[PDB]
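A.B. asks: Task: produce atomic coordinates for the following.
(6 chains, ligands or ions: 2)
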Amino acid sequence: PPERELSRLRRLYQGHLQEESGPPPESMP
Amino acid sequence: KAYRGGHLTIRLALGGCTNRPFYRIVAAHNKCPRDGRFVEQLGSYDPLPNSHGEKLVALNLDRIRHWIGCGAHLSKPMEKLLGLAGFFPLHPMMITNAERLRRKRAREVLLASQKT
Amino acid sequence: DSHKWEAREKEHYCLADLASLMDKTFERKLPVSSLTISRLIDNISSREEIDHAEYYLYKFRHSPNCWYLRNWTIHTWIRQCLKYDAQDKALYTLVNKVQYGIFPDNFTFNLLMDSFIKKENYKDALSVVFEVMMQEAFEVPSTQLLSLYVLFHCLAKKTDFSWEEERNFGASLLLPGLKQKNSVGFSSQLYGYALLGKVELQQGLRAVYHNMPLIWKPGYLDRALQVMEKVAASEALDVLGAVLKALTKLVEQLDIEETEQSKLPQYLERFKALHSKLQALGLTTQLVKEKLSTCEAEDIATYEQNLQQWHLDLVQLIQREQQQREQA
Amino acid sequence: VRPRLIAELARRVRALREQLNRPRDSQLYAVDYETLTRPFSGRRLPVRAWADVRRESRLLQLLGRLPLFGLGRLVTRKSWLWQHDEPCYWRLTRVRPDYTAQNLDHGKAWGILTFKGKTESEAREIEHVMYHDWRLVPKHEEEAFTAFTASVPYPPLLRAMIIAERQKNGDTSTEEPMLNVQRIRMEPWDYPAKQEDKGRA
Amino acid sequence: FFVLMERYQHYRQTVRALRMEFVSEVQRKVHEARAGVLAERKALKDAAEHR
RNA sequence: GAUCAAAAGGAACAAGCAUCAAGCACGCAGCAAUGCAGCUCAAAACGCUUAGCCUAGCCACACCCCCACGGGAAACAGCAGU
Ligand SMILES: [Mg+2]
Ligand SMILES: [Mg+2]
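C.D. replies: Numbers count the residues shown, from 1 in each chain, chains lettered A, B, ... in the order given. Ligands and ions are numbered 1, 2, ... in the order given. See below for the structure:
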């Protein structure tokens, strides 16, 4: 998603937020 | 029975032994138990990795067209059944989790590289 | 000003014949008619009959008619308050502001702030002018007349004034500062946009939106710093704020949209550099006492029209009162 | 058949406790400002709303401070500042507040909705009146306040069945079967409902 | 979440856009049984031999 | 409009005992005041006594007074326990 839209979700959830990667890897063996 | 707040939630319902469970789809009713009564008979499901590893599910779709078209409700694990099949589109609980463990595998391919 | 409504289209002249009726129906806990509370108001004839009414209006505040306390029931008590004292029990009614619910937003408001300078009455003209910001107002020519009173105490009072009285000054210049007449109402709004924007990095924007109707938006200095361009297309207080900010609870902001404690060098030349044009293109107390005189043709034409509109009210409601007690 | 004479009498005597001696709106929707519990009910609140009860302001703790309670005013939900930066708001036509409350509040009202700057007529009921996420739009900034400006494919097995039915029906018709989503609108989750769809507890 | 929220939405759209098809198909079968193109032959013929 | 489903209407639907053989308005007309005197039953009425049941299970009860305003009174016929 765009970050300014994503900034809204950061703006709501100050006290309880995780930090995650974006896309997955294309394969797993 | 006169059940207040009645709506068909379409469910697999347990009917197998202990330690080999076996759930059965019937067009279930909301407030009744797992092994209570239901609306109509459907075609069951196998959670058992058998000879040559298959775990069967049955679908008569001349009626699973009809019975949600009768205004039925559904909950989470059976959205896994028809999204995976090609009759319904896929639910956002594998879309996270096939990639969530791919984020765990990405956390694991570094884990297998930060040791070696 | 007094002798115009006081052709009152007469009624009876007792009060305790009514005072054993409204509370009796309150001990039935049934609602009370709208002409029956004005009739408890236009029979007030001593000092003690003022305070029985503020009980009874407070009791009438707790009634199944939260509305139907008509604005002319207020005015026919405004004339009683302006008659007797208008010193403490007129203002004590405005003090609670929810327990009496008067809200006198018409030219009746102009009946009650011209006569405070006629007794000069310093300490409390702050308070009523504070208690019209909380009303949505100033579609009448009290716009000049409101900021006319606050410039009297801008010279009188120079402190930190309170926790919240910084906001109590600027909002009583900014909604007065909607003037298409001059540079003066475009000068008063800048005092508002400054002082509302100085708690922005001191206490927070929740100060801006406690109780008096400001906005949840962040930008008010930049609103001044855009209309100061229009002052240069068509002020001794904002320089003091321009240094003090660069001088030494929930999150509202985005991390992308920048904190305005990091725009304080960008607040200096954005404000300073266009004042060079404002000497090259183009005190405060006395220039509004001109507006006391040059303006104010004394629009009582919406006052006496309302007085004849209140003969329309009482007659057609005592007519349906006549209907209810004949069918029995 | 044997009639049930007493259980019918308590069917209606209970039901004339259901209307008559109800606790009015400020006796049970009253709150604790310290422990964030409630008198007469006792329970507490989820983590996303503990401060909002304590910090911010109601829908009619505020509107009990205006002439005719703001008979033509505008109002927004607090997350409609945070979920739509487009203006999304409610207007007012009628107030039913309460008289039992010292510091009169907890009432009812209704009026005009307009979602995200999409206007609707025949005014319906305002929601969440008891909450503290409701914002008092001032008289300044109105005309710039209002600042506002098909099909998807079939799932894979239903592709193979309709097409191979068509050569049974006679004509090949490789013409891509495409169900219509234009018939079905796209309602979001903070879009308010009917308040009389809920009954009072 | 936010890409899943539209995937909740784009779950909710199409199967609802399928749901009106699921309703009308049996409503084309309560209509083919009642008023189908061979069903009109049924209504005339059951009186035709009978008279 | 389907789905599901009360109330309601109608037809069904246990056991033993005629040494339970008569029940005692149990009927109908008329928009309505009112009218007629009928209705059920030996092809089992009416009443006792016994029983959870016509098991993808259902019905009934939820300390007692069929119910529960009310009263008795302070109630595991939730699990584990006594
Ligand atoms: Mg009982
Ligand atoms: Mg017991």
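A.B. asks: Residue of chain A nearest chain C, please.
C.D. replies: Using CB to the nearest CB, the closest approach of chain A to chain C is made by residue A:7 at 4.0 Å. (C-beta placed from N, C-alpha, C; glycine too.)
A.B. asks: what residues does chain D put near chain B?
C.D. replies: Contact residues (CB under 8 Å from any CB of the partner chain) of chain D with chain B: D:155-158.
A.B. asks: Can you name the residues that contact the residue in the stretch 51-200 of chain C positioned nearest to chain A?
C.D. replies: Of all residues in the stretch 51-200 of chain C, residue C:200 sits closest to chain A, at 18.1 Å by CB to the nearest CB. In this structure, residue C:200 makes contact with C:208, C:218, C:220-221, C:260, judged by CB atoms under 8 Å, 6 or more residues apart in numbering or on different chains.
A.B. asks: need the residues you listed in CSV with neighbour count, can you?
C.D. replies: Below are the contacts of residue C:200 laid out as CSV (neighbours: other CB atoms under 10 Å in any protein chain shown):
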residue, neighbour count
C:208, 20
C:218, 15
C:220, 22
C:221, 24
C:260, 18
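A.B. asks: Looking at these, which is nearest residue C:301?
C.D. replies: Set against residue C:301, the nearest of the contacts of residue C:200 by CB to CB is residue C:220 (36.6 Å).
A.B. asks: where's the closest one relative to chain B, distance?
C.D. replies: Distance of residue C:220 to chain B, given as CB to the nearest CB, to the nearest Å: 43 Å.
A.B. asks: tell me the contacts of that residue?
C.D. replies: Applying CB under 8 Å, 6+ apart, one finds that residue C:220 lies in contact with C:193, C:196-197, C:200, C:208.
A.B. asks: and if you look at residue B:54?
C.D. replies: Residue B:54 makes contact with residue B:46, according to CB under 8 Å, 6+ apart.
A.B. asks: And it, how close does it get to residue B:46?
C.D. replies: Distance, residue B:54 to residue B:46, by CB to CB, to the nearest Å: 8 Å.
A.B. asks: tell me the secondary structure for the residue nearest to the spatial centre of chain A?
C.D. replies: Per CA atoms, centre = their mean, the C-alpha nearest to the average position across chain A is that of residue A:20, at 5.4 Å. Classification of residue A:20 using DSSP: H, G, I helix; E, B strand; the rest coil returns coil.
A.B. asks: Would you mind measuring from the residue of chain A closest to chain C to residue D:87?
C.D. replies: 20 Å.
A.B. asks: who's more crowded, those two?
C.D. replies: Ranked by neighbour count (other CB atoms under 10 Å in any protein chain shown), residue A:7 and residue D:87 place residue D:87 first, with 19 against 15.
A.B. asks: Looks to me like the more buried one is in a strand.
C.D. replies: No. Residue D:87 sits outside any strand when classified using three-state DSSP, being coil.
A.B. asks: Pretty sure it sits against residue D:117.
C.D. replies: Yes. Shown here, residue D:87 and residue D:117 form a contact pair, counting by CB atoms under 8 Å, at 5.5 Å.
A.B. asks: shared neighbours, the two?
C.D. replies: Joint contacts of residue D:87 and residue D:117 (CB under 8 Å, 6+ apart) are D:146-148.
A.B. asks: Return the subset of those residues lying in helices.
C.D. replies: Among those, no member is found in helices (DSSP state H).
A.B. asks: now, among these, which is nearest to chain B?
C.D. replies: For the shared contacts of residue D:87 and residue D:117, the nearest to chain B is residue D:148 (30.2 Å; CB to the nearest CB).
A.B. asks: How about that closest one: what's its closest non-neighbour residue?
C.D. replies: In this structure, residue D:148 finds its nearest non-sequential neighbour in residue D:117, 2.7 Å apart by CB to CB, 6 or more residues apart in numbering or on different chains.
A.B. asks: Quickly note the distance from that neighbour to chain C.
C.D. replies: From residue D:117 over to chain C the distance is 17 Å, taken as CB to the nearest CB.
A.B. asks: C-alpha coordinates for the longest helix along chain C, CSV please?
C.D. replies: Criterion DSSP H: the longest helix present in chain C is helix C:304-324. Output of helix C:304-324 as CSV, limited to C-alpha atoms (Å, rounded to 0.1, in the frame of the first residue of the first chain):
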residue,chain,number,x,y,z
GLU,C,304,-39.4,45.7,16.9
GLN,C,305,-40.2,43.2,14.1
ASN,C,306,-39.6,40.5,16.6
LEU,C,307,-41.8,42.2,19.2
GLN,C,308,-44.7,42.1,16.8
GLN,C,309,-43.7,38.5,15.9
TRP,C,310,-44.2,37.7,19.6
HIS,C,311,-47.8,38.9,19.4
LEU,C,312,-48.0,36.2,16.8
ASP,C,313,-46.5,33.7,19.2
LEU,C,314,-48.6,34.3,22.4
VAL,C,315,-52.0,34.8,20.8
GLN,C,316,-51.9,31.7,18.6
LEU,C,317,-50.7,29.6,21.5
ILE,C,318,-53.3,30.9,24.0
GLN,C,319,-55.8,30.2,21.3
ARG,C,320,-54.9,26.5,21.3
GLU,C,321,-54.8,26.8,25.1
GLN,C,322,-58.5,27.8,24.8
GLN,C,323,-59.1,24.7,22.8
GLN,C,324,-57.8,22.3,25.4
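A.B. asks: can you list the residues that contact that helix?
C.D. replies: Applying CB under 8 Å, 6+ apart, the contact partners of helix C:304-324 are C:4-5, C:9, C:33-35, C:38, C:70, C:72, C:106-107.
A.B. asks: Give me the neighbour count for residue C:242.
C.D. replies: Residue C:242 has 18 nearby residues by other CB under 10 Å.
A.B. asks: now check stretch D:28-36, is it near chain A?
C.D. replies: No. Judged by CB under 8 Å from any CB, stretch D:28-36 makes no contact with chain A; its nearest approach is 15.5 Å.
A.B. asks: Which positions in that stretch come out as buried?
C.D. replies: D:29, D:31 (16 or more other CB atoms under 10 Å in any protein chain shown).
A.B. asks: contacting residues around that stretch?
C.D. replies: Under CB under 8 Å, 6+ apart, the answer for stretch D:28-36 is D:37-41, D:44-45, D:50, D:53-54, D:106, D:130.
A.B. asks: cutoff 10 Å now
C.D. replies: Residues outside stretch D:28-36 that contact it (CB atoms under 10 Å, 6 or more residues apart in numbering or on different chains): D:22-23, D:37-42, D:44-45, D:49-51, D:53-54, D:98, D:101, D:105-106, D:129-130, D:132, D:200-201.
A.B. asks: got the CA coordinates for it in PDB?
C.D. replies: What follows is stretch D:28-36 as a C-alpha-only set of coordinates in PDB (Å, rounded to 0.1, in the frame of the first residue of the first chain):
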ATOM      1  CA  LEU D  28     -27.100   3.600  33.300                       C
ATOM      2  CA  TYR D  29     -24.900   5.200  30.700                       C
ATOM      3  CA  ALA D  30     -23.100   7.000  33.500                       C
ATOM      4  CA  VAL D  31     -19.400   6.100  33.700                       C
ATOM      5  CA  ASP D  32     -16.500   6.000  36.100                       C
ATOM      6  CA  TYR D  33     -13.600   8.400  35.100                       C
ATOM      7  CA  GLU D  34     -10.900   6.700  37.200                       C
ATOM      8  CA  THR D  35     -11.300   2.900  36.900                       C
ATOM      9  CA  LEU D  36     -13.200   3.300  33.600                       C
END
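A.B. asks: check contacts around the residue nearest to residue D:148.
C.D. replies: Going by CB under 10 Å, 6+ apart, residue D:117 touches D:84, D:86-89, D:146-149.
A.B. asks: Done for today, thanks.
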